[PDB]
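Just below is one structure, and these are the notes that go with it.
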Amino acid sequence: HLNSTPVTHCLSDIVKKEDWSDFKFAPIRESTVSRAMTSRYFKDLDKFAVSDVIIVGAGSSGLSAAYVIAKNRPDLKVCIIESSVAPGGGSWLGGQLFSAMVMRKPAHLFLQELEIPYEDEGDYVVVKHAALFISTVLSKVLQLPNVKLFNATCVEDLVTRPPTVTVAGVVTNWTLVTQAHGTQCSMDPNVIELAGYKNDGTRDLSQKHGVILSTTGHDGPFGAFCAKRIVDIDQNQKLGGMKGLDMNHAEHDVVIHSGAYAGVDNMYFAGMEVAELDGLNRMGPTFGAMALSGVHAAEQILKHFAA
Amino acid sequence: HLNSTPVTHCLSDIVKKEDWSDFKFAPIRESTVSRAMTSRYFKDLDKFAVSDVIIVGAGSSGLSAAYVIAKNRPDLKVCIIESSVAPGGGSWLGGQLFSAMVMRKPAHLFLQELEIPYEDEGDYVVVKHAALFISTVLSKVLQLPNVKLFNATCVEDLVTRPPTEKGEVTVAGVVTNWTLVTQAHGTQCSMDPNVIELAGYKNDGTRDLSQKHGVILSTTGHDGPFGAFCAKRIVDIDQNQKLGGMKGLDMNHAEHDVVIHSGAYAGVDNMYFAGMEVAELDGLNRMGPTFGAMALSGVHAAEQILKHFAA
Amino acid sequence: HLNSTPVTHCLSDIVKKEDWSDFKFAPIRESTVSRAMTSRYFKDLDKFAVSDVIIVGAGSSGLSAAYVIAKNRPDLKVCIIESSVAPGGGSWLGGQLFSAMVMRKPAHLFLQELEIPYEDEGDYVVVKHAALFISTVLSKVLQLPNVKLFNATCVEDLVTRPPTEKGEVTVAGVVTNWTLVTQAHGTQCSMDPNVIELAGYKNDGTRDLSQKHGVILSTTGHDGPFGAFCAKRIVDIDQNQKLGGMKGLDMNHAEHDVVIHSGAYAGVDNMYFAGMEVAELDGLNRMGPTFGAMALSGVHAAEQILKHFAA
Amino acid sequence: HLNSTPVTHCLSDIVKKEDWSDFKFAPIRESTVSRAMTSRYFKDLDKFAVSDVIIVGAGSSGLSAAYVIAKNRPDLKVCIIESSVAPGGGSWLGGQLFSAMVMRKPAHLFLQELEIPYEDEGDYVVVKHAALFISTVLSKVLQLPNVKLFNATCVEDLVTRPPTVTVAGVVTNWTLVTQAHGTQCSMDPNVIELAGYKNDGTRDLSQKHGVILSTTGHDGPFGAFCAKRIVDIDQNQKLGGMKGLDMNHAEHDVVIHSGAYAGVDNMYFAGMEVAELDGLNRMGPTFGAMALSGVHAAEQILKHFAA
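Protein chains in written order, with the working numbering: chain A, 1133 to 1439; chain B, 288 to 598; chain C, 288 to 598; chain D, 1133 to 1439.
Have a look at this one:
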């Protein structure tokens, strides 16, 4: 008998009729709803048109890095650009459409920080659904005051300045526009700029320069975007190409190699995009390196802004 | 001067080299990882092959109902089947790809329960990103001990028993497959489905009156590749029942009617509906980019389901 | 000897080097450009969230009506919603990809008003390219102070209120999205729509009798990915109203009947139609590659709308 | 009360019944309409089968150049070939499906010439809809006596003569034919020839040679067509490839580099096609360089024909 406790919910003391006939919403006008949404979105577009940190790709590595950066420095404008409608990338499932998420120690310390429960198996731990990890990190990241998630939005190119570096921003559009198609062309893009420039477009050496962190995963549909674009622009930079699966070497190397990119200033990488760029092994259905590679890139970025 | 505070993270005291050269994972072999995942998934398939509550569609209405049911009764096996890889349905955005989520009072009381922050505007409140609502409910629902999310899995039919107790259609489970299989035009066919059964039957397949019968709650919305799935399937089988068909947009009438009409379906026993699927079934107005009725319609269906299991 | 005249252009007196090496733009930063565009677009979305006239479809009939309405009443908020990136509909060509545009008299009087040149052939006149007609009307309409063109945006439903004043369907606005979203099979769903409201309602959503009610004019043609949109949606909601269905081609009867039948729709209040959508709704003949009825049907609808707003 | 002025339109004094029952068209026969259209189209195909200026692509740069050329020299046969049904290219919208069109000074002088209204913001001006710019230029260009717009028509190749140059015309088809597909093949093309040749196909050195201006935008679906084709034919000519976004450098360089192409005689370029050919930066949602690069190419072409 547990079936004898009371049925309780948020309206239990206000809705008294069995048929809910005494339920009512406060009244509304359709234009009030429209203006409430549009006003807030334009405020976001105005505020983040110059950003301190631009993160490309809201998968496990990008969101892990966003958490660490924003928690440490709540004053910094952190702009997260995600091409899909749903954020989270490949972290809604384990392998072969199965659920469980394996993370090798010491990645369990990140789970403890986020208060995510797990089963301890000795050298590794298991979160009972990959979806529990990614939804928890999302809930926490999005609550922060200067974080913005621009979902359904795709990076199409980089904003640059002349040689020796730099990146100076990203070129953006609705994903469905970029993926179009048969429709009348053109449909021009928008731009988001990094902190550090004057109104005449030149560098202000007195101001701390913004950074880009690319975490778009390995090569594919929208995959390894910033790695390929840097390699395309620069003749002496070549794409390593992701190698075969080897869990010991892949997870180690992805964590170690994450962070600042050597050939371009103010440019950072984490997650499987690093494996494409640097020619590292893949790891398949294990997730500790994705979280911890985000942690490593976040440390390097935070040190840049500390001065 | 926030820039003077320490750079700290979960590995700050164990990783001491600037270049992270002293970082190390514990060792592993590939088969250990495979077996860790497969063993747990087939334990889920075994355990939930008979379920107490089957929820079809993990959108705002379905997940809101899952929260209320599971929190109230942690003993019941609650099986959530979602066709997409990412759960959440239409709740990752507001309208026209914009972000803010408007909820009319008294839906703010549900946000207070979930500890979701909002801006109070008088007769309504605003959550700063729709994604904050849906990820918060997901995080809380999935932590519960007898809840399972079968994502990338679709419902393609109902399991039934013969007419009346009372009504034409009598529900006893759902017919399932990987979503990509159901959508697979047109490789070698067939690829047969699997089945998940409701509580209440003997090993010979007949009703066991000493057990409380399980229930289905369908929350598949009004549209998409599927959408209004269980509404259309009941209407198809039962020749004396037709789809009302969703009408034009009218927020005052839509939100009221969707909340009130949610719950038990008359004509089929042990069958419940919430969210925009109710508007398709009962011929109600739509509401567009406002979300209070989705959450509160899930709450109403959950109340009726919880009362079924109380006695 | 035209080849002896001077080569002159807008920069002839300021750019003096043969190689243009002394040419210079004023300096700029990328965020200045972004903010200049976004600030203006959200001002449009705020201002037109309540509109006096909503015109659905920017083809020859819709733009002709827009011209007459806005020129007569420059105070009214006229909101033009067009699904394609380029406005103009079927008026960029004549028939079979050929160019010339034939207009039967007295449609030449509309061309005279717009100062569009033509060849007089007696009972009809010819504009040398259909593209000259449509680009001229566009240039003039868009200059007007309270006209807004929302291109790349589609209407996917009607905003309604409950039956009779009098008739089954009562219009109060339109439901909108980016065209590419509405057509998006089959990414994560939902992606919710937005709404644009007609003048005449209080903040509690009820009719305000002290204000003139806004109107919708649908001019979406007979075909295409959408097409005859509002005709089909009214017919779908109202079970006692059916589509006439467009008949065979007959120029004498089609052009006459389309002009006369344009204007207020009986059965729905504050709802108007023009162009080939009228032929679908009322079961009229088609006319093919002749354009006088498209322009003049817009003029007739505009007269009826202007009379509504006069008192 | 503005609602008290009269309701007036072009038929107000001729249509007297409230129900429009006294409205009538002059009568017609279906074959009269058909013959009116076909006769005029064949006259165009006959007249422009030899042309003085062939402009490929009716976007902002191509139409701006057409305006300047035709206004200065109304005697020259200017043949505009556009693959889409609607001309205008990417100039129906600003960026990210938004409307406003930003043009940096001194591009405002071109707007003044065309009588297009704008908001002055100091170093730049704003046209309230990109659609107002492009429809105004279209209306004015099309009224000119020796200009022809062949829309729904695609350039598939160049007509050439043997090495040292030249281009001698273009190879054309309906766009839907070129894009086909599964249908029976072949469907052969047509040709449009440049002024300057004799009836035996050889150069007439006494006559002024026609020119091609290619303005097909940057690489894509139908993008950068003539740039790629020249590079394909010539082994020692390579495609620069468009670089990252940088508004200061892109707009300057696109204007300066527009005009005559160095490796081929009687060949000219403007707009974003120049950025692909010469490896220049892109500029995104700003439009001054498109108009003014058209102006520069027009100056060079007009000087060729002045003799």
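Virtual Cβ for every residue (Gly too), placed ideally from N, Cα, C.
Are the CB atoms of C:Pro480 and C:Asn490 within a distance shorter than 8 Å? Counting from 1 along the third sequence, the entry for residue 490 of chain C is found at position 203. Counting from 1 along the third sequence, the entry for residue 480 of chain C is found at position 193. Between C:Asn490 and C:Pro480, the gap from beta carbon to beta carbon reaches 8 Å or more.
Select from the region 1309-1330 of chain A all residues with a C-beta closer than 8 Å to any C-beta belonging to chain E, and list them in chain order. Of the protein chains in this structure, namely A, B, C and D, none is chain E.
Tell me B:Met558's beta-bridge partners as DSSP assigns them. As a first step, residue 558 of chain B is located in the second sequence; it is residue number 271 there, counting from the start. In DSSP, B:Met558 forms a bridge with B:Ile503.
Residues of its chain near A:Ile1248, where Cβ-Cβ distance is below 7 Å and the 5 sequence neighbours each way are ignored: Working through the first sequence from its first residue, we reach residue 1248 of chain A at position 116. So the list reads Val1259, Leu1264, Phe1265 and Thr1268, once near-sequence residues are dropped.
Within its chain, find whatever has a CB closer than 8 Å to the CB of C:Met478; leave out the 5 residues flanking it on each side and keep chain order. Taking the first residue of the third sequence as position 1, residue 478 of chain C is located at position 191. Answer for C:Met478: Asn464, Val468 and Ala471, listed in chain order.
Taking all protein chains shown into account, decide if B:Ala553 is buried (16 or more other Cβ within 10 angstroms of its Cβ) or exposed. Within the second sequence, the letter at position 266 stands for residue 553 of chain B. Within 10 angstroms of the beta-carbon of B:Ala553 lie fewer than 16 other beta-carbons, which makes it exposed.
Using a 10 Å radius around the Cβ and a threshold of 16 neighbouring Cβ atoms, would you call B:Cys517 buried or exposed? Numbered from 1 along the second sequence, position 230 holds the residue referred to as residue 517 of chain B. With 16 or more other Cβ atoms within 10 Å, it is buried.
If I measure Cβ to Cβ from A:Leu1424 and keep anything under 6 Å in the same chain, skipping five residues before and after, which residues do I get? Within the first sequence, numbered from 1, the residue matching residue 1424 of chain A stands at position 292. Answer for A:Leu1424: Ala1239 and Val1387, listed in chain order.
Should C:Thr319 go down as buried or exposed, given a rule of 16 or more other Cβ atoms within 10 Å for buried? Taking the third sequence and counting its residues from 1, the one referred to as residue 319 of chain C is at position 32. Residue environment for C:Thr319: buried (at least 16 other C-beta atoms within 10 angstroms of its C-beta).
Apart from the five residues on each side of it in sequence, which residues of its chain come closer than 7 Å, Cβ to Cβ, to D:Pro1206? Residue 1206 of chain D sits at position 74 when you count from the first residue of the fourth sequence. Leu1276, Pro1277 and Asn1278.
Rounded to the nearest angstrom, what separates B:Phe335 and B:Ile483 at their Cα positions? Looking up residue 335 of chain B in the second sequence gives position 48. Looking up residue 483 of chain B in the second sequence gives position 196. Between the alpha carbons of B:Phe335 and B:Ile483 lies a distance of about 7 Å.
Going by DSSP in three states, A:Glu1288 sits in which element: helix, strand or coil? As a position in the first sequence, residue 1288 of chain A is number 156, starting the count at 1. DSSP places A:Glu1288 in strand when its eight states are reduced to three.
One question on the structure: do C:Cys476 and B:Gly511 come within less than 8 Å of each other, judged by their Cβ atoms? In the third sequence, residue 476 of chain C corresponds to position 189, counting from 1. In the second sequence, residue 511 of chain B corresponds to position 224, counting from 1. Closer than 8 Å, so yes.
Close beta carbons around A:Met1399, own chain, < 6 Å, minus the five adjacent residues each side: Counting from 1 along the first sequence, the entry for residue 1399 of chain A is found at position 267. If you ignore the 5 residues before and after A:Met1399, its C-beta comes within less than 6 Å of the C-beta of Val1299, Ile1344 and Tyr1393, all in its own chain and listed in chain order.
Count the other C-beta atoms from every protein chain shown that fall within 10 angstroms of the C-beta of D:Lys1272, then say buried if there are 16 or more, exposed otherwise. Working through the fourth sequence from its first residue, we reach residue 1272 of chain D at position 140. Per the 10 Å Cβ criterion, buried.
DSSP three-state call for D:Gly1301: helix, strand or coil? Position 169 of the fourth sequence, counted from the first residue, corresponds to residue 1301 of chain D. In the structure shown, D:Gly1301 sits in a strand (DSSP, three-state: E or B).
State buried or exposed for D:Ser1216, treating a residue as buried only when at least 16 other CB atoms are found within 10 Å of its CB. As a first step, residue 1216 of chain D is located in the fourth sequence; it is residue number 84 there, counting from the start. With 16 or more neighbouring CB atoms inside 10 Å of its own CB, D:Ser1216 falls in the buried class.
In terms of residue numbering, what span does the beta strand (DSSP E) encompassing C:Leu485 cover? In the third sequence, counting from the first residue as 1, residue 485 of chain C sits at position 198. For C:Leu485, the enclosing beta strand (DSSP E) starts and ends at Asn481 to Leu485.
On a Cα-Cα basis, can you pick out the residue from B:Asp537, B:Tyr488, B:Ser497 and B:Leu568 that is closest to residue 601 of chain B? Only positions 288 to 598 of chain B appear in this structure, which leaves residue 601 of chain B out of reach.
Hey, is the region 382-400 of chain B in contact with the region 562-581 of chain B, meaning 3+ C-beta pairs nearer than 8 Å? Using a C-beta cut-off of 8 Å, the region 382-400 of chain B makes contact with the region 562-581 of chain B, since at least three inter-stretch Cβ pairs fall below that distance.
Which residues in the same chain as A:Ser1193 place their Cβ atom closer than 7 Å to its Cβ, once the five residues preceding and following it in sequence are excluded? Within the first sequence, the letter at position 61 stands for residue 1193 of chain A. Around A:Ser1193: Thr1347, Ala1402, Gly1403, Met1422, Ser1425 and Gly1426.
Name the residues in the region 332-364 of chain C whose C-beta lies less than 7 Å from a C-beta of chain A; which are they? For the region 332-364 of chain C, the set of residues with a beta-carbon nearer than 7 Å to any beta-carbon of chain A comprises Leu332, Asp333, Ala336 and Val337, in chain order.
Quick one: is C:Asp491 near chain A, going by C-beta distance under 8 Å? The sequence position of residue 491 of chain C within the third sequence is 204, counting from 1. Among the residues facing chain A, C:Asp491 is included, as its CB has a counterpart in that chain under 8 Å away.
With a threshold of 7 Å (Cβ to nearest heavy atom), would A:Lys1149 be considered close to the ligand NAP? The model on display carries no ligand, and the ligand NAP is accordingly not part of it.
From the DSSP output, in three-state form, read off C:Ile592 for me. Counting from one through the third sequence, the residue named residue 592 of chain C turns up at place 305. In this structure, C:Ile592 counts as helix in the three-state DSSP scheme.
Pick out whichever of A:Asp1397, A:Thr1140 and A:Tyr1250 has its Cα sitting closest to the Cα of B:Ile356. Position 69 of the second sequence, counted from the start, is the residue given in the question as residue 356 of chain B. Comparing Cα-Cα distances from B:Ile356 to each of A:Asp1397, A:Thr1140 and A:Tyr1250, the minimum goes to A:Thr1140.
Residue of D:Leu1177, D:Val1147 and D:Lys1156 minimising C-alpha distance to residue 604 of chain C: In the structure displayed, chain C extends from 288 to 598; residue 604 of chain C sits before or after that span and is not available.
Distance, Cα to Cα, B:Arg494 vs B:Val337? Taking the first residue of the second sequence as 1, we reach residue 494 of chain B at position 207. Taking the first residue of the second sequence as 1, we reach residue 337 of chain B at position 50. Distance between the alpha carbons of B:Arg494 and B:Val337: 14 Å.
Burial state of A:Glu1251 (16 or more Cβ within 10 Å): Indexing the first sequence from 1 puts residue 1251 of chain A at position 119. A:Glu1251 is exposed by the Cβ-count criterion.
Compute the beta-carbon to beta-carbon distance between C:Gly570 and C:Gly531, rounded to the nearest angstrom, for a pair I have assumed lies under 8 Å. Residue numbering aside, residue 570 of chain C sits at position 283 when the third sequence is read from its first letter. Residue numbering aside, residue 531 of chain C sits at position 244 when the third sequence is read from its first letter. Contact check for C:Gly570 and C:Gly531: beta-carbon distance about 2 Å, within the 8 Å limit, so the pair qualifies.
Output, in chain order, the set of chain A residues within a Cβ distance shorter than 7 Å of B:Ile547. As a working mapping, residue 547 of chain B is identified with position 260 in the second sequence. Chain order gives the chain A residues near B:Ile547 as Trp1152 and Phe1155, where near means a beta carbon separation below 7 Å.
Going along chain C in order, which residues have a C-beta closer than 7 Å to the C-beta of A:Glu1162? Indexing the first sequence from 1 puts residue 1162 of chain A at position 30. Result: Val446, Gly460, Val482 and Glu484.
Identify every residue that forms a DSSP beta bridge with A:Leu1281. Here residue 1281 of chain A corresponds to residue number 149 of the first sequence, with the count starting at 1. Answer by DSSP bridge pairing, in chain order: A:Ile1212.
Counterpart residues of D:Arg1236 in DSSP-defined beta bridges: Here residue 1236 of chain D corresponds to residue number 104 of the fourth sequence, with the count starting at 1. Beta-bridge pairing links D:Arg1236 to D:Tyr1256.
Using a Cβ-Cβ cut-off of 8 Å (strictly less than) and excluding sequence neighbours within five positions of B:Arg520, which residues of its own chain qualify? In the second sequence, counting from the first residue as 1, residue 520 of chain B sits at position 233. Excluding residues within five positions, the ones whose Cβ falls inside 8 Å are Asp444 and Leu445.
Taking buried to mean at least 16 other C-beta atoms within 10 Å of its own C-beta, is D:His1350 buried or exposed? For the purposes of this step, residue 1350 of chain D is identified with residue 218 of the fourth sequence, where counting begins at 1. Buried, since its Cβ has 16 or more Cβ neighbours within 10 Å.
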